[PDB]
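S.K.: A single structure is presented below for examination.
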Amino acid sequence: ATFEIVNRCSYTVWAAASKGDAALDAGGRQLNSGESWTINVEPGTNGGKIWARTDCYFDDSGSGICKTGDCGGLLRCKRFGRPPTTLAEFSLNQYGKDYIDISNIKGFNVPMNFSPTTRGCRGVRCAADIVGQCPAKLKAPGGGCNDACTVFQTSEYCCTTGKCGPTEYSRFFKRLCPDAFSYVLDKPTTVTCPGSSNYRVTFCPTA
């Protein structure tokens, strides 16, 4: 499947793509304002994610640090990034269907639009100013708005036992972005698309 990733933000983002135990494609790349990066992802990839990183500093060897979404100090991510991170998540060709969602379960850093570029399903978006409105206890000094698991590490916020309810923090994310997952057991806002669809991940879709 082909994903085009578009930075429409007025600042540089360092895009990342991983399935947790492997890079997707190059795994990561600088995207200045307006730049686009097309990547291939294998059919059948299950549990892929795409996100943005902010305020990175990297050397000529591809090693360094980002203030959000850092994946162990690498440019070319092999693993998932450190919260907070708005998440494009995808499992493709699963019994003939592709599954897409935006998650706020690991917090929010950059607004995002995650849409097909082929026929037969709809896209989803989280574009509200979550960072401006973030509750003071969730605000990440590096930038972004952490989720409450990250901040407090309780069974209720991390849905440890598999029973958890919505919380004052989850409802904050949900009020601003209804179409994104706000906690582990939220009513699904997964979209079902035809198997082997293509897509567009855009950072700052309304800016």
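Residue numbers for the sequence shown, in the deposited numbering: 1 to 207.
For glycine and all other residues, C-beta sits at the position ideal for the given N, C-alpha and C.
1) Determine the contact status of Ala180 and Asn104, defining contact as a CB-CB distance below 7 Å.
2) How close, in whole Å, do the beta carbons of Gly62 and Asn109 come, if the pair is a contact with beta carbons under 8 Å?
3) Use the C-beta contact count for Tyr95: other C-beta atoms within 10 angstroms, 16 or more gives buried, fewer gives exposed.
4) Apart from the five residues just before and just after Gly73, which ones in its own chain have a Cβ nearer than 7 Å to its Cβ?
5) Give the list of continuous alpha helix (DSSP H) stretches no shorter than 4 residues that lie fully inside the region 56-88.
6) With a threshold of 16 other CB atoms inside 10 Å of the CB of residue 267, please say whether the residue is buried or exposed.
7) With a 10 Å radius around its C-beta and 16 neighbouring C-beta atoms as the bar for buried, classify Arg53 as buried or exposed.
8) Within 8 Å, do at least three Cβ pairs link the region 191-201 to the region 113-133?
9) Suppose you measure from the CA of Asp129 to the CA of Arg175; what does that come to, to the nearest Å?
10) Could you check if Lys137 is buried or exposed, using at least 16 other CB atoms within 10 Å of its CB as the buried criterion?
11) Which term fits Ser182, buried or exposed, when burial requires 16 or more other beta carbons within 10 angstroms of its beta carbon?
12) How big is the Cα-Cα spacing for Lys78 and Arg171?
13) Hey, could you find the ends of the alpha helix (DSSP H) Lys174 is sitting in?
14) Using the beta-carbon count (16 or more within 10 Å), is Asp21 buried or exposed?
15) Spatial neighbours of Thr190 within its chain, please: C-beta separation below 8 Å, excluding the five flanking residues on both sides.
16) Using CA atoms only, rank isn't needed, just tell me which of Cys158, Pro188, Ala17 and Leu87 is closest to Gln30.
17) Can you tell which of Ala23, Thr154, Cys134 and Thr68 has its C-alpha closest to the C-alpha of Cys177?
18) Report the rounded CA-to-CA distance for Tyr11 versus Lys106, giving the unit in angstroms.
19) Identify every residue that forms a DSSP beta bridge with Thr192.
M.R.: In short, the structure shows the following:
1) Sequence index remark: in the sequence shown, residue 180 carries index 180 (1-based). Sequence index remark: in the sequence shown, residue 104 carries index 104 (1-based). In this structure, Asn104 lies closer than 7 Å to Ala180 by Cβ.
2) For this step, residue 62 is matched to residue 62 along the sequence shown. For this step, residue 109 is matched to residue 109 along the sequence shown. So it is not a contact: roughly 21 Å between Cβ atoms.
3) Counted from its first residue, the sequence shown places residue 95 at position 95. Exposed, because fewer than 16 other Cβ atoms sit within 10 Å of the Cβ of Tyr95.
4) Residue numbering aside, residue 73 sits at position 73 when the sequence shown is read from its first letter. Once the five neighbours on either side are set aside, the close Cβ partners of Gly73 are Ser63, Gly64 and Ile65.
5) The qualifying runs do not exist here; there are none.
6) Here the chain comprises residues numbered 1 to 207, so residue 267 is not present and cannot be evaluated.
7) On the sequence shown, position 53 is the one that residue 53 refers to. That one is buried.
8) The region 113-133 makes contact with the region 191-201; the number of CB pairs closer than 8 Å reaches 3 or more.
9) Within the sequence shown, numbered from 1, the residue matching residue 129 stands at position 129. Within the sequence shown, numbered from 1, the residue matching residue 175 stands at position 175. Distance between the alpha carbons of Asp129 and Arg175: 12 Å.
10) Numbered from 1 along the sequence shown, position 137 holds the residue referred to as residue 137. Burial is judged here by how many other beta carbons sit within 10 angstroms of a residue's own beta carbon; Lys137 has fewer than 16 and is exposed.
11) Taking the first residue of the sequence shown as position 1, residue 182 is located at position 182. It counts as buried.
12) Taking the first residue of the sequence shown as 1, we reach residue 78 at position 78. Taking the first residue of the sequence shown as 1, we reach residue 171 at position 171. So the two alpha carbons sit approximately 32 Å from each other.
13) Numbered from 1 along the sequence shown, position 174 holds the residue referred to as residue 174. Counted as a single uninterrupted DSSP element, the alpha helix (DSSP H) harbouring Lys174 occupies residues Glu168 to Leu176.
14) Working through the sequence shown from its first residue, we reach residue 21 at position 21. Exposed.
15) Numbered from 1 along the sequence shown, position 190 holds the residue referred to as residue 190. The residues are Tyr99, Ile100 and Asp101.
16) Start at 1 with the first residue of the sequence shown, and residue 30 comes out as number 30. Among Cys158, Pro188, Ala17 and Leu87, the Cα nearest to that of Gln30 belongs to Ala17.
17) As a working mapping, residue 177 is identified with position 177 in the sequence shown. Between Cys177 and the set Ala23, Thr154, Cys134 and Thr68, the nearest pair of CA atoms involves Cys134.
18) Here residue 11 corresponds to residue number 11 of the sequence shown, with the count starting at 1. Here residue 106 corresponds to residue number 106 of the sequence shown, with the count starting at 1. Whole-angstrom Cα-Cα distance: 22 Å.
19) Mapped onto the sequence shown, residue 192 falls at position 192. Its beta-bridge partners are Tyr99.
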